[PDB]
């Protein structure tokens, strides 16, 4: 029946500025609209209920406004802690409930170059027949980064995968793992394994490398 429409879907703002999230109703809501904040991997937290009354413990920086078809969630000054996905939620004096698609709030901050580390496959892993070489990029910004694997000076393709953490909640940075997957036979085939990292905060691409069997 009644549907919720949240705008926008994603949002990026600098620390301290004011951000506005809009949730639109199919009909004259008048029941109630509630707002939740959800951090990745955790259950959502109720920020505001009955449109404008703030849940308890919630910072004064959050505010809710609106009635009828249009409602608003407003953050006076963004904090790094505010990185989350925000959901409006509709209900009457009884179920059913309805949620908005959600608004992801990312944080704009100073450019931060990554720290790069390289891990050869453990000896424990090489005994299972597999060799994973891991390159770690720590606490960098912005999220856009390029990692290149070269094995014995030859650029590889298709045998590496990467995954990135959500935006950090205290310092607003990202971290990245790049994993080159090899078989034990092919890992013992080469000597030099190098990880090349390209990022806006880096004057030049940085390379971390190791020779297999040197320590």
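Positions refer to the first chain, counted from 1.
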Checklist entry - Averaged over C-alpha atoms, is the B-factor higher for 50-58 or for 36-44 in this PDB entry? => result 50-58
Checklist entry - Quick one: higher average CA temperature factor, 144-152 or 183-191? => result 183-191
Item to check | Criterion, highest CA B-factor; candidates, 132, 98, 93, 110 | outcome: 93
Checklist outcome for this item: In this crystal structure's PDB entry, the residue among 159, 178, 173, 67 with the greatest CA B factor is 67
Checklist entry - Lowest, middle or highest third: where is residue 83 by C-alpha B factor in its chain? => result middle
Checklist entry - What third of its chain's C-alpha B-factors does residue 10 belong to: lowest, middle or highest? => result lowest
Next on the checklist: Using only modelled residues of the chain, where does the Cα B factor of residue 28 rank: lowest third, middle third or highest third?
Outcome noted: highest
Checklist entry - In terms of the chain's CA B-factor thirds, is residue 125 lowest, middle or highest? => result lowest
Checklist entry - Should residue 72 be placed in the lowest, middle or highest third of its chain by the C-alpha B factor in the entry? => result middle
